[PDB]
J.: 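Quick one: the structure is below, and I'll ask about it shortly.
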Amino acid sequence: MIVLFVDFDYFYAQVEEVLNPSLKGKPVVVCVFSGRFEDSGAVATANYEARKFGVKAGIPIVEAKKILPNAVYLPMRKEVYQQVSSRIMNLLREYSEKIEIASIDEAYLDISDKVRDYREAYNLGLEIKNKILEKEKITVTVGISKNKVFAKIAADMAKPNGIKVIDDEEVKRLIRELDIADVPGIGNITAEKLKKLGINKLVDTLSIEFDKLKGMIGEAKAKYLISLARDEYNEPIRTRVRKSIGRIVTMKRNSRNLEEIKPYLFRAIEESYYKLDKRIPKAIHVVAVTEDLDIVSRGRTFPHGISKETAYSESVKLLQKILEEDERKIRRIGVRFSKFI
DNA sequence: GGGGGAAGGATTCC
DNA sequence: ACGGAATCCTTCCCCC
Ligand SMILES: Nc1ccn([C@H]2CC[C@@H](COP(=O)(O)OP(=O)(O)OP(=O)(O)O)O2)c(=O)n1
Ligand SMILES: [Ca+2]
Ligand SMILES: [Ca+2]
Ligand SMILES: [Ca+2]
Ligand SMILES: [Ca+2]
């Protein structure tokens with residue numbers, strides 16, 4: 001089995017540089033403004049020009065401007081990136097319809113069939129890395145190896161606009177040297193917790209007692225890692241479908257006033273149905289970020305699809321439910337629809 | 001003891 | 001106490 005991973009480089013930002021080529025070479029920073037007050041928001045993604053000066057995804061738009069006050073700060077236009085993504089996906093979709101669109105800018109391509117060998121598989125990378133650059137002028141890094149997890153690791157190592165192959169030997173070198181913190185799906189929180197238990201390499205997960213792990217990071221997350229250190233991972237490249245769609249918005253001011261919130265909540269839903277588009281959801285989650293940034297949410301699953309009229313109706317109840325089991329004032333409020341029909 | 005699921009909390013950027 | 005979209009995942013639950 002041979003898996004080929006593709007990752008669009010600084011995607012949201014690069015897309016913008018493609019829509020306005022006057023930025024290429026300039027620090028471009030795609031942001032998300034909450035409108036709570038000018039420059040209130042966070043950085044979604046930056047290009048390498050911004051990044052090399054300390055501007056990364058997640059920091060407040062304010063602190064980002066203190067570093068690079070003269071960079072091009074642009075608002076998020078997910079929709080645009082979405083269509084661009086689709087096109088690139090269908091583009092890839094023609095090298096193995098046994099692909100997995102992991103995210104708006106990640107995709108795992110099973111090239112087991114289409115080509116056997118680490119030489120011809122690599123040359124399928126440029127055959128693809130060149131076409132995407134040609135057909136849509138987008139630079140995409142390629143990762144290639146035995147399973148999704150290492151192909152993914154390969155790309156993170158070669159970026160941007162690069163390519164790398166992690167054969168069966170390297171996989172072995174990494175499991176003993178790769179920083180646990182660099183493993184796909186291991187966030188800051190999970191990495192830290194691993195420092196404690198005494199883990200810093202994928203291999204260390206073999207010393208500790210499964211039971212200890214299972215308690216600090218969970219069975220699943222636990223099995224995942226052990227599985228990796230054993231080169232005994234292998235998980236198929238499968239279709240995968242967005243399993244939820246939603247919208248959370250920051251209210252102009254905080255509150256605990258049901259009637260002051262409604263409009264935002266009702267805007268979240270209406271704006272969530274547009275993005276649903278025909279798909280029918282049977283589960284709804286009214287979500288609310290607290291005054292202290294804690295995500296509290298209450299949902300409900302029905303034995304049928306949820307008509308929008310019903311969303312309005314139920315979204316309120318769930319909201320009234322929240323206010324009951326909490327104290328904090330609500331800052332951001334939104335909805336989430338799932339369990340599609 | 002454990003299936004099948006809903007619900008709520010937590011974490012990754014998938 | 002500066003944003004947002006999703007998913008992961010650990011517990012509660014009805015009941016065989
Ligand atoms: N705090 C964060 C961190 C990340 N993201 C988004 C940014 C786009 C998406 C994927 O990010 P990466 O995989 O890190 O890629 P990138 O940042 O878009 O750029 P590159 O692929 O070149 O690393 O996650 C976000 O919204 N909020
Ligand atoms: Ca990317
Ligand atoms: Ca990515
Ligand atoms: Ca990490
Ligand atoms: Ca990443």
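What you see below is based on every heavy atom in this structure, not just the backbone, and it leaves out hydrogens, waters and symmetry mates. Protein chains get the first letters and strands the later ones, always in sequence-line order, with residue 1 at the start of each.
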J.: Is the backbone N or O of A:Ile306 less than 3.5 Å from a side-chain atom of A:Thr310, with the two atoms forming a donor-acceptor pair by type?
T.: no

J.: Looking at A:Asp39 and A:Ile61, what are the two nearest heavy atoms and their distance?
T.: O-CB, 3.9 Å

J.: What's the CD1-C1' distance between A:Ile248 and C:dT7, to the nearest Å?
T.: 12 Å

J.: A:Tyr73 and A:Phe33: aromatic ring centres closer than 6.0 Å?
T.: no

J.: Kindly say if A:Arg242 contacts the phosphate of C:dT7, meaning a side-chain N or O under 4.0 Å from OP1 or OP2.
T.: no

J.: Which whole number of Å gives the distance between the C1' atom of C:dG3 and that of B:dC13?
T.: 13 Å

J.: Could you give the CZ-to-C1' distance, from A:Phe337 to C:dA6, as a whole number of Å?
T.: 15 Å

J.: Is a side-chain N or O of A:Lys146 found less than 3.5 angstrom from the main chain of A:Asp231, in a donor-acceptor match?
T.: yes

J.: Does C:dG3 pair with anything, Watson-Crick or G-U wobble, both distances under 3.5 Å, and if so, with which nucleotide?
T.: none

J.: For A:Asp292 and A:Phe33, find the nucleotide of DNA chain C closest to each by heavy atoms; which residue's nucleotide sits nearer the 5' end?
T.: A:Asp292

J.: Whole-Å distance between B:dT11 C1' and A:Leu293 CG?
T.: 15 Å

J.: Hey, does A:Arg240 reach any base, or is it just sugar-phosphate, or nothing, if we go heavy atoms under 4.0 Å?
T.: sugar-phosphate

J.: Between the side chains of A:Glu324 and A:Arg298, is the shortest nitrogen-to-carboxylate-oxygen separation below 4.0 Å, so that they form an ion pair?
T.: no

J.: Which parts of nucleotides 2-9 of chain B does protein reach within less than 4.0 Å, heavy atoms only, written one letter per nucleotide 5' to 3' as B for base, S for sugar-phosphate only and - for none?
T.: ----SSSS

J.: Could you check how far CD1 of A:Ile59 sits from P of C:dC2, rounded to whole Å?
T.: 14 Å

J.: May I ask you to say what A:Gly58 touches in the nucleic acid, namely base, sugar-phosphate or nothing, with a heavy-atom cut-off under 4.0 Å?
T.: base

J.: Which residue, A:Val249 or A:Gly218, contacts DNA chain C at a nucleotide closer to its 5' end, judged by nearest heavy atom?
T.: A:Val249

J.: Counting the atoms with a prime plus P, OP1 and OP2 as sugar-phosphate, which does A:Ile101 contact under 4.0 Å by heavy atoms, base, sugar-phosphate, or nothing?
T.: nothing

J.: Once you measure the plane-to-plane angle for A:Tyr224 and A:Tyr233, does it fall in the parallel (<30°), tilted (30-60°) or perpendicular (>60°) bin?
T.: perpendicular

J.: Could you tell me the separation between the OH atom of A:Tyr12 and the P atom of B:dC13, rounded to a whole number of Å?
T.: 13 Å

J.: Assess whether one donor atom and one acceptor atom, taken from the side chain of A:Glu63 and the base of C:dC2, lie less than 3.5 Å apart.
T.: yes

J.: Would you check, one step at a time, whether the test side chain to side chain donor-acceptor pair (under 3.5 Å) holds for A:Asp7 with A:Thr141?
T.: CA-CA 5 Å; A:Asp7 172 292; A:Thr141 300; 5.4 Å; no

J.: Tell me the interatomic distance from A:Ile180, atom CD1, to B:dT11, atom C1', rounded to whole angstroms.
T.: 16 Å

J.: Would you say A:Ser34 reaches C:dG3's phosphate, i.e. side-chain N/O to OP1/OP2 under 4.0 Å?
T.: yes

J.: Is a donor on one side and an acceptor on the other found under 3.5 Å between the side chain of A:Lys24 and the backbone of A:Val18?
T.: no

J.: Mind checking A:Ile189 for me? I need base, sugar-phosphate or nothing, with any heavy atom below 4.0 Å counting as a touch.
T.: sugar-phosphate

J.: Counting side-chain heavy atoms from CB outward, which of C:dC2, C:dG3, C:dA5 is closest to A:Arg332?
T.: C:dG3

J.: Within less than 4.0 Å of OP1 or OP2 of C:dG4, is there a side-chain N or O belonging to A:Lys78?
T.: no

J.: Would you classify A:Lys193 as touching base, sugar-phosphate or nothing, given that sugar-phosphate means primed atoms plus P, OP1 and OP2, and contacts are heavy atoms under 4.0 Å?
T.: sugar-phosphate

J.: Hey, what are the protein-to-nucleotides 14-16 of chain C N/O distances that come in under 3.5 Å?
T.:
none

J.: Could you please name the option among C:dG3, B:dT11, C:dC2 that lies closest to any side-chain atom of A:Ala42?
T.: C:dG3

J.: Can you list the steps and then say if A:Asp292 with A:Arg328 is a salt bridge (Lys or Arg N to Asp or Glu O under 4.0 Å)?
T.: CA-CA 7 Å; A:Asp292 67 318; A:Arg328 297 81 83 76; 2.8 Å; yes

J.: Of the options C:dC8, C:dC2, C:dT7, whose atoms approach the side-chain atoms of A:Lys243 most closely?
T.: C:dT7

J.: If you check the A:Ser244 side chain, which of C:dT7, C:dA5, C:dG3 turns out closest?
T.: C:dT7

J.: Is A:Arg300 close enough and on-axis enough to A:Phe302, meaning under 6.0 Å and within 45°, for cation-pi?
T.: yes

J.: Would you mind reading off the distance between A:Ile104 atom CD1 and C:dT7 atom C1', rounded to a whole angstrom?
T.: 16 Å

J.: Please work out whether the ring planes of A:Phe266 and A:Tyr312 are parallel, tilted or perpendicular, with thresholds of 30° and 60°.
T.: parallel

J.: Taking only the side-chain nitrogens and oxygens of A:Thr250, find out if one of them lies under 4.0 Å from OP1 or OP2 of C:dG3.
T.: no

